[PDB]
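Participant:
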Amino acid sequence: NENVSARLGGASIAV
Amino acid sequence: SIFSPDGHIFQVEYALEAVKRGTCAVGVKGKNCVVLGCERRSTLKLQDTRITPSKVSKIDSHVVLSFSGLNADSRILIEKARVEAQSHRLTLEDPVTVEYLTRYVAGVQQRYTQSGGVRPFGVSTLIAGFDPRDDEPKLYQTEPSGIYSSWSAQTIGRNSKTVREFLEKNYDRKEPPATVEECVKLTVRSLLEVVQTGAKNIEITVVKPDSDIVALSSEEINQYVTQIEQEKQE
Amino acid sequence: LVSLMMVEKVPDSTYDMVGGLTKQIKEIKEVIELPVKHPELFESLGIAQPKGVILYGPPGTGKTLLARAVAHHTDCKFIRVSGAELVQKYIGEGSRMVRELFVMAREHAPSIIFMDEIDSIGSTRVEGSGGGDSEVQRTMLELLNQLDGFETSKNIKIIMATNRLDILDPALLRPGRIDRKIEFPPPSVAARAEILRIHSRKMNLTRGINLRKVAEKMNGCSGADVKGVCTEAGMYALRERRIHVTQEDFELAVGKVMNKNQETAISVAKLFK
Amino acid sequence: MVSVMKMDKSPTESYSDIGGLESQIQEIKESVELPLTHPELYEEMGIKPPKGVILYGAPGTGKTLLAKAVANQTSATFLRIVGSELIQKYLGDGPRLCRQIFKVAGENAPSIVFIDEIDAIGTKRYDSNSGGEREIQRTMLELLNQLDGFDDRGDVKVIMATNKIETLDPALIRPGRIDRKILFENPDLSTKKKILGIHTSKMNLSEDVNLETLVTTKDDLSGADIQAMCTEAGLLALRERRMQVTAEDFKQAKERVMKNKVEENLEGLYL
Amino acid sequence: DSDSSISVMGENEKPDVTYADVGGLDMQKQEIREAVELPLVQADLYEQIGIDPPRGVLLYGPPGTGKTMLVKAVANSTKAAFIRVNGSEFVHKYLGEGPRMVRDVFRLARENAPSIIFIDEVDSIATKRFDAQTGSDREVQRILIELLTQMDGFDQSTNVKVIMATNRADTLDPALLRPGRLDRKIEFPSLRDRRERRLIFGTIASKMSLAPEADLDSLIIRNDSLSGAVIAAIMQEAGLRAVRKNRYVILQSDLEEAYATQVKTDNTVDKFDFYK
Amino acid sequence: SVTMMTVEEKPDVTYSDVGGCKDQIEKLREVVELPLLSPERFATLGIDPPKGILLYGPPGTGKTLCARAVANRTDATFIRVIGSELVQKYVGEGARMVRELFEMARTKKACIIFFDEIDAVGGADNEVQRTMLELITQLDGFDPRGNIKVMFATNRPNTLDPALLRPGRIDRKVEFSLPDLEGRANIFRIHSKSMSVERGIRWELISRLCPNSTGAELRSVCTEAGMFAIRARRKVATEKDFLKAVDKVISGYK
Amino acid sequence: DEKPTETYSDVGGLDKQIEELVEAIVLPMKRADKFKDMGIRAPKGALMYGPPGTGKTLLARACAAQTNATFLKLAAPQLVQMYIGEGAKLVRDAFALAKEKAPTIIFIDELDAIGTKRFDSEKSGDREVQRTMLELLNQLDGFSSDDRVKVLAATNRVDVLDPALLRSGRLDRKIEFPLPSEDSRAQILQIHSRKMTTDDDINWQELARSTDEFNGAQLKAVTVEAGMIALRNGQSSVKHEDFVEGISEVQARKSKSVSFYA
Amino acid sequence: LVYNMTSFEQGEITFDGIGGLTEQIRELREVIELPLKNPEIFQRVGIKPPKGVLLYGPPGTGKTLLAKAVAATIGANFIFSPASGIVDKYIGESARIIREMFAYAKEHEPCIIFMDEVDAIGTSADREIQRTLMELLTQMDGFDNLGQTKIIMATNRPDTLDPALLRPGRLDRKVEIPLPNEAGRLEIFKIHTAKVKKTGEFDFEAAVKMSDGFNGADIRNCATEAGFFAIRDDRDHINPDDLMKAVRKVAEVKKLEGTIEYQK
Ligand SMILES: Nc1ncnc2c1ncn2[C@@H]1O[C@H](COP(=O)(O)OP(=O)(O)OP(=O)(O)O)[C@@H](O)[C@H]1O
Ligand SMILES: Nc1ncnc2c1ncn2[C@@H]1O[C@H](COP(=O)(O)OP(=O)(O)OP(=O)(O)O)[C@@H](O)[C@H]1O
Ligand SMILES: Nc1ncnc2c1ncn2[C@@H]1O[C@H](COP(=O)(O)OP(=O)(O)OP(=O)(O)O)[C@@H](O)[C@H]1O
Ligand SMILES: Nc1ncnc2c1ncn2[C@@H]1O[C@H](COP(=O)(O)OP(=O)(O)OP(=O)(O)O)[C@@H](O)[C@H]1O
Ligand SMILES: Nc1ncnc2c1ncn2[C@@H]1O[C@H](COP(=O)(O)OP(=O)(O)O)[C@@H](O)[C@H]1O
Ligand SMILES: Nc1ncnc2c1ncn2[C@@H]1O[C@H](COP(=O)(O)OP(=O)(O)O)[C@@H](O)[C@H]1O
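Chains as they are written, first to last, in this note's numbering: chain A, 655 to 669; chain B, 1163 to 1396; chain C, 2 to 274; chain D, 132 to 402; chain E, 426 to 701; chain F, 112 to 365; chain G, 4 to 265; chain H, 618 to 881.
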């Protein structure tokens, strides 16, 4: 019984 | 070159740090004598030091200079200083004082501050010598802001912090330097803390009245430095 | 995870497949060999069984191919990260694995690790641009030198590696955190001589053979070129249906290197003499 | 979380065997130890002594050696954590955990803590519009607000660390909280002085001393490598089997290791 | 293993090209099969001679020129495994999708013993060395080095040696190409091929049709700008004219305009506008 | 219900435990107390009162002392709204806090907020905005005509959409900054009122040595002089002791 | 809010750009059947942008004047708690009620900033936002059938919302809400002040010229923070300098500390 | 969900709705006759089809309208997909979405695909984005087969990029369409006067007289412009002096933001 997950992520975009 | 909001200048809160990199030198104001002393690169191999531009330089029969910091920006001043020397002897028929050219070159280091596209110097200098027809010693110190002072001893260079305070455990106003052997012992007992090598890494010079200039060998140094290399023992 | 872990299936290499390299084993085995071979001997003085070491040098060397054989003739384990696999597209995955890493070797004192590349963990700078990777270089170095690393440095030596040296964080190195480094240069000519003796073991009662007559000529950097020229030398024999081989058929194979030894075109810009 | 925290295993890092310095070190004992000796003195003139300090970096130049020496001395608890180990996938897990120390600091009046290399937490307040990484920025605010919401300071002590400050750390630190922003870097002589002041313990120098010239010519370096300098002489002893302790082969290590990290040496221009 | 990022390509769903759809190119087509098609079979000879099988290639030259035409007729004649890929999938929007997959990529090959793979193009990946200016680019080079150790780091022989297609071959981050990592590198030119233009200009004419009222191999005589990918593109257009007028097969007056109907734009002020 | 505890046992603050330049307090004291206590002063003109004291002041400044001051003065109930209890991984469950807060708050009396550090949650795959949307739903309803206010603080005013910050939300905003020497002088009197000193000396000239700086270093720097006195064994403080370290706190920083 | 509204107020601001608009709109509402007899795909709406501080909704209140009709009630509504486009669900039943009572006034708000410029910012699945805009189109589709509805929106000026509007069957026409003269901006300040005790013994007309680039958004804010100061002083009568320079100067400039003046 | 693109096809609509410059209209139809109705011809010759094409015409000249009509000729699914619309700061989000585009596309053939404003398609950032331009062009004719699914790029900035046009064997029928003359301008009113009343005379002589630079969209907007205030007359026909009261100002906004139009 679960759907409450949320994990951060990593990006690297042109400035 | 403008004003910050902290009452300072960018380019000149910077420049005087340049002189805090290079060589280190000093003079003093003896009882009846005046002296200088400066620095050299030992280990500079495949070279003959007879002809290298000495950190010392002379301006008249009776006055000398010792720069620090840069070397190029030093050579220019001696020239236009020399002019004022061997011109001031002409129009007025009397030789210079000491303060005159000091007052002069105190002004040129801001004539090369407040204009368009002109850097100040990576230079700080001092002078020394006796006025003509007098006896009292005179030495003056300089830096790019133009403020010319009269320090009884003045050093500009590396490791110079404690050197700036080393004298204050050594010098006494009412106990001035007696003679050359001690006053030069003073001249070296300061500088040697940053030497960290033998006599080859320095150059000195002295003044007495009526243009009694001398320069001393590497060997004369090895006479006296031994006496405290012998007295750095007990 | 134990996929990164060492192997019951060791490779089959050896540090006498490795001609020209003669001195370095004496200079680097002992930190990995001797006081761990004899801690009581070292503890007779017990100066510091140091932390790991490092090796720098170009490609063409087989720093890898050296590190394959050292995992033979060990008395210890030799784990592998398959460099840079440790990182993932997240944050929390970093430090836990490093936490998992040290402990995986705490249980094995006579056992060590391997990096190949630290070009991807080098020269951390941040003003908003950066990455979580910089976060992990700290904690490994933290758990390298902390209340819990010297007990590994009691148990452990390690090694890092790369091919480009001065492009990383100097704040990494407290010399003593890495107590020794070494160059793996390109070879000498005569160092190149015994190389082709290794790999061309295919001549067939032939003659007129002058193995010295090739490092006669080379000005390269790699030793692997001794194989690149050798391996395609036999290709000629492979195509022309005659298994045998000679010097000249083996020599023009450098014609493949006629590109490499001459691919570097040159500029005509005499702006300054 | 608690598991890593209570590292009560001080090494044999011997406080006062270290030969570094005094003024810094009284400054901490004054910050810490003497307050735990007769703090009535602070009550005499009515003083609230500081809430921990922060050293600076200059890596390989004595960040930590005192610290485990203090742990050898600590005479109290001692704590140890990492921010990278503190952080997780989910939201506010570590921030939910970061709170749970101060109650475990509420464990004790003898409540003190080292912290491990913050450079990935509270580094700098970029807007972090680019997703994800606001978690860090969401975490530091969970601490500093927790730090000084309403606290009698409960001996909620702290000592921090890093390798470079201006790279990061814009606003986190504040005076009173951390009044002492303090230093460690090379001494310019005293690495010559007291380092081998320690290392003269074991070794023999089985022919001479030679130390009057095994010395520093104002050579830019970090004395931490001196613990290599002792090493390779023994090795070069055993590169030629000297079971004794020489002074001659000892030459190379500075000539060998200090010679690698070359500098520009452009001082043919400030003469 | 599933590893649903690239499937076994060509079990029953494959292209249909032939070797002989090419014209000449045997100045390169010989050597490649001299290190591809035979090691399927005469592996014992490579054990008789050659400490390892010469394999690992970097095929290059200007693009839209003939490289990818050759890549896959071999795919028609492998009797073994084969994989394709878009040569910049590795630039994923977030991090880590490659390093999680590329380690699972060769995981597909080692189980699929033996096999081969290829790539579209790597012009974006070629990067010798930067100073670390931002993570925006550093996720490139870390993939490149990881590719290398994945190639000959530890696993030596059972793996497959692979290709390198591109659009240029001077930007390539060196330390990739090596006598051991590759042991081979080839290309093909663009300048005039009197030997090859003379046949490739109508090798497709066999595939095409023609009813000669005269001789139509004379545009080949007109050597100015002999290219490699146009030279079939033209009749890929010229044939659309007899049909445009219900003519059943073209005539030689139909195509000479079709040659110039591809106007060569030798006159364009975009060239005149810049320098002067 | 993690922060389900209104106020502490004893706030130890006063509006005169602060230098704080004397001017940023009045309107703040005006908005918080004059509608509260003297709405006849409001109807004396017939006004449209505000609802929030918008604010920005760099930390290490006595706004937060000033924030804890209204607590000890008014004696009413109090809160603390920070991402710890507020922001929670369970999407939507985070907004149980705001609802049980405000839906309670409308019931209660003098339960005005100090929801500081909303720069945490109120900054622009992330779900923070929907919590920020959960806020503004609550505020446009009750916003006028009440004893209640919305007064909090931050560190980064340019780090939030003003779509929330329309004029009906925090109108009479707040701005802080460092003091004059006189402001630096009267604050200095405060932390000087504990110890033994060389009584009767020229403290004010030290407040000449307060360039752009916080008061926080001044309540600090006196103790380092006592620490300097401790090592000096000075049972009573002098002038130069304050100098011997304050010269070092800034130069070590500079 | 839903009602057959009251009279349009004084036209005032922007009016030279406005008389030409009821032209555009009431005819779709008036004898567009005659247009349908003339046989034209006449529009179902247009767009009026410009910075707020304007009186946009007054023109919406002016919409039903020449033909009685009812207003709209929705404001950033589709930002829901659930998977659904619950508003977009309501938009059907709501636009169905715009289909009800063919005399009807339809004005949503912040079409831009409810609809981003190009929705690159958000992930692939936006919560059916293009689907919501698909509803808007599929509801505009049903709206394109008839002359019952008449639609318009307002937000940041242009190039801030979706570019869909280019099709003349979709939207077909745009007007702006420019910066007006200020004599009405003078009157409205009495209207702001109408709920507050004060006087007007001032020459605020030279004042109204002096300021600019302080929108009705700004000027809907000014009126109070100088009512407090004269109360903070204690005064009650309105006044020029305490409000004009007391508000218009304090915006960004303050702390007059100048010496070399005289 | 790209239904939002690919869902404007079902209702059959005439190819007659635009006269234009007919010879170009003769071009793209006859060359796309082949796959559908007379594919025998490619077999009798054995020649590959046209591997997709493009065009050029300056803005607002029925280009998308032209494309949107063809799919209803035969039963494709006309998509709508702006170039700039698929533009995200995320690196792979560019090159990931395109792969899923062809994915659903080949999931449904014989169908059709479309792009318009692709003209946007040593520095640090730019070194990754060319790969996108290097990727998709590969995905045209790199490795895979393409049965019954095609594409048009229909821009208004024909200085797009050399390499996509450098080798025009990949693409072909790199066509142009310029703006009307009276030759064009005149007949366009016939469809635009279709479903509306009018008196009956050779009134369009003013059309050739003026409008030398307008396009089809505004003249259509000019038609309805006249009809609005033509109801003050309220007559059961419409007069050509009616429109004349607004032809001026429509040019004064056609005056606004003067932009040039070269063909390449
Ligand atoms: N003396 C040698 N003995 C054995 N192999 C050698 C020798 N010199 C070169 N090689 C060859 O060099 C190759 C690898 O060397 P190189 O340094 O070029 O790459 P690498 O070390 O694998 O790369 P990296 O260190 O970046 O992972 C191996 O194939 C190996 O056979
Ligand atoms: N005064 C000193 N006496 C003896 N060793 C020193 C001294 N200063 C530095 N060192 C040496 O420096 C090394 C580490 O010093 P430092 O505390 O600066 O870094 P660290 O704490 O190991 O690094 P990190 O905190 O990143 O793990 C030790 O091996 C130590 O021998
Ligand atoms: N000999 C040939 N036989 C058949 N087709 C050819 C031949 N030479 C060139 N072509 C055609 O030219 C077109 C472009 O050439 P090709 O794609 O091979 O260049 P490339 O170097 O592979 O470019 P890229 O690597 O970017 O795909 C191909 O579609 C191919 O069909
Ligand atoms: N103007 C001031 N008046 C009174 N105290 C001050 C003043 N400036 C600084 N201080 C003192 O400095 C110390 C630290 O300041 P403070 O805790 O208010 O920072 P802060 O504003 O709370 O930071 P944050 O916004 O991060 O909470 C406090 O003890 C406070 O009394
Ligand atoms: N005659 C008037 N009566 C009432 N309000 C007016 C009048 N003229 C202008 N306004 C102002 O117009 C503004 C509405 O601008 P608008 O763009 O509708 O705001 P929003 O964009 O928030 O809907 C209000 O601030 C209001 O004070
Ligand atoms: N050649 C033409 N003949 C008749 N009408 C045209 C022609 N070109 C354009 N139009 C009209 O102009 C409008 C063009 O709009 P649209 O197709 O959306 O823009 P684009 O031309 O950029 O694709 C259509 O409403 C159409 O009726």
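Note that the Cβ used here is the ideal one computed from N, Cα and C, for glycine as well.
#1: Determine the contact status of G61 of chain C and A225 of chain C, defining contact as a CB-CB distance below 7 Å.
#2: Since I believe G53 of chain C is in contact with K158 of chain C (beta carbons under 8 Å), could you give me their beta-carbon distance rounded to a whole number of angstroms?
#3: Going along the segment 719-748 of chain H in order, which residues come within less than 8 Å of chain E, judged by CB to CB distance?
#4: Between which two residues does the beta strand (DSSP E) containing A445 of chain E stretch?
#5: Can you find at least 3 beta carbon pairs, one from the segment 1363-1370 of chain B and one from the segment 44-52 of chain C, that sit closer than 8 Å?
#6: Which one of H:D779, H:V792, H:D853 and H:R790 has the shortest CA to CA distance from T693 of chain E?
#7: Less than 8 Å between the CB atoms is what I'm expecting for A590 of chain E and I544 of chain E, so what's the real figure, rounded?
#8: Find out if the Cβ-Cβ distance for the pair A1247 of chain B, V1260 of chain B is shorter than 7 Å.
#9: In angstroms with no decimal places, state the Cα-to-Cα distance between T1341 of chain B and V1218 of chain B.
#10: Is the CB-CB distance between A110 of chain C and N156 of chain C below 7 Å?
#11: Hey, is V669 of chain A's beta-carbon within less than 7 Å of any beta-carbon in chain F?
#12: Please check if any C-beta of chain F sits within less than 7 Å of the C-beta of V29 of chain G.
#13: Return yes when the Cβ of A359 of chain D is within less than 7 Å of the Cβ of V340 of chain D, no when it is not.
#14: Is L176 of chain F near ligand 4, in the sense that its beta carbon is under 6 Å from a heavy atom of that ligand?
#15: Quick check: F626 of chain E and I656 of chain E, are their CB atoms within less than 7 Å of each other?
#16: Can you check the segment 188-224 of chain G for any alpha helix (DSSP H) of at least 4 residues that lies completely inside it and give the ranges in chain order?
#17: Could you say which of H:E874, H:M827, H:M732 and H:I848 lies nearest to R865 of chain H if we only look at CA atoms?
#18: Which residues of chain A have a Cβ atom closer than 9 Å to the Cβ of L520 of chain E, listed in chain order?
#19: Is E650 of chain H close to chain E, meaning its C-beta is less than 7 Å from at least one C-beta of that chain?
#20: I'd like to know whether the C-beta of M236 of chain C is nearer than 7 Å to at least one C-beta of chain E.
#21: Excluding the 5 residues preceding and the 5 following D1374 of chain B in the sequence, name in chain order all residues of the same chain whose CB lies nearer than 7 Å to its CB.
Facilitator: In this structure, then:
#1: If you number the third sequence from 1, residue 61 of chain C lands on position 60. If you number the third sequence from 1, residue 225 of chain C lands on position 224. Cβ atoms of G61 of chain C and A225 of chain C: closer than 7 Å.
#2: Here residue 158 of chain C refers to the residue found at position 157 of the third sequence. Here residue 53 of chain C refers to the residue found at position 52 of the third sequence. Confirmed, Cβ separation roughly 6 Å.
#3: Those residues of the segment 719-748 of chain H placed with their C-beta closer than 8 Å to a C-beta in chain E are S741, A742, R744, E745, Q747 and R748, ordered along the chain.
#4: By one-based count along the fifth sequence, residue 445 of chain E stands at place 20. Counted as a single uninterrupted DSSP element, the stretch harbouring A445 of chain E is not any beta strand (DSSP E), since DSSP gives it neither H nor E.
#5: The segment 1363-1370 of chain B, when compared against the segment 44-52 of chain C, does not touch it at the 8 Å Cβ threshold.
#6: On the fifth sequence, position 268 is the one that residue 693 of chain E refers to. For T693 of chain E, the nearest C-alpha among the options comes from H:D779.
#7: In the fifth sequence, the residue the question calls residue 590 of chain E occupies position 165. In the fifth sequence, the residue the question calls residue 544 of chain E occupies position 119. Confirmed, Cβ separation roughly 6 Å.
#8: Reading the second sequence from its first residue, position 85 is the one you call residue 1247 of chain B. Reading the second sequence from its first residue, position 98 is the one you call residue 1260 of chain B. Going by C-beta atoms, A1247 of chain B is not nearer than 7 Å to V1260 of chain B.
#9: Here residue 1341 of chain B refers to the residue found at position 179 of the second sequence. Here residue 1218 of chain B refers to the residue found at position 56 of the second sequence. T1341 of chain B and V1218 of chain B have their C-alpha atoms some 22 Å from each other.
#10: Here residue 110 of chain C refers to the residue found at position 109 of the third sequence. Here residue 156 of chain C refers to the residue found at position 155 of the third sequence. It is a contact, given that the beta carbons lie within the stated cut-off.
#11: Your numbering for residue 669 of chain A matches position 15 in the first sequence. Judged by the 7 Å Cβ criterion, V669 of chain A is not in contact with chain F.
#12: Start at 1 with the first residue of the seventh sequence, and residue 29 of chain G comes out as number 26. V29 of chain G does not count as touching chain F.
#13: As a position in the fourth sequence, residue 340 of chain D is number 209, starting the count at 1. As a position in the fourth sequence, residue 359 of chain D is number 228, starting the count at 1. The beta carbons of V340 of chain D and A359 of chain D sit no closer together than 7 Å.
#14: The count along the sixth sequence starts at 1 and reaches residue 176 of chain F at position 65. Under cutoff, so the answer is yes.
#15: One-based indexing of the fifth sequence puts residue 626 of chain E at position 201. One-based indexing of the fifth sequence puts residue 656 of chain E at position 231. Less than 7 Å divides the Cβ of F626 of chain E from the Cβ of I656 of chain E.
#16: Entirely contained in the segment 188-224 of chain G, the alpha helix (DSSP H) runs reaching 4 residues are, in chain order, 207-213 and 219-222.
#17: Reading the eighth sequence from its first residue, position 248 is the one you call residue 865 of chain H. Nearest C-alpha to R865 of chain H: H:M827.
#18: Position 95 of the fifth sequence, counted from the first residue, corresponds to residue 520 of chain E. Those within 9 Å of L520 of chain E in chain A are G663, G664, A665 and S666.
#19: The residue you call residue 650 of chain H lines up with position 33 of the eighth sequence. Output row for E650 of chain H: interface = no.
#20: Looking up residue 236 of chain C in the third sequence gives position 235. Contact with chain E is found for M236 of chain C, since one of that chain's Cβ atoms lies less than 7 Å from the residue's Cβ.
#21: Translated into positions along the second sequence, residue 1374 of chain B becomes position 212. For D1374 of chain B, where only same-chain residues beyond five positions count, there are no Cβ hits under 7 Å.
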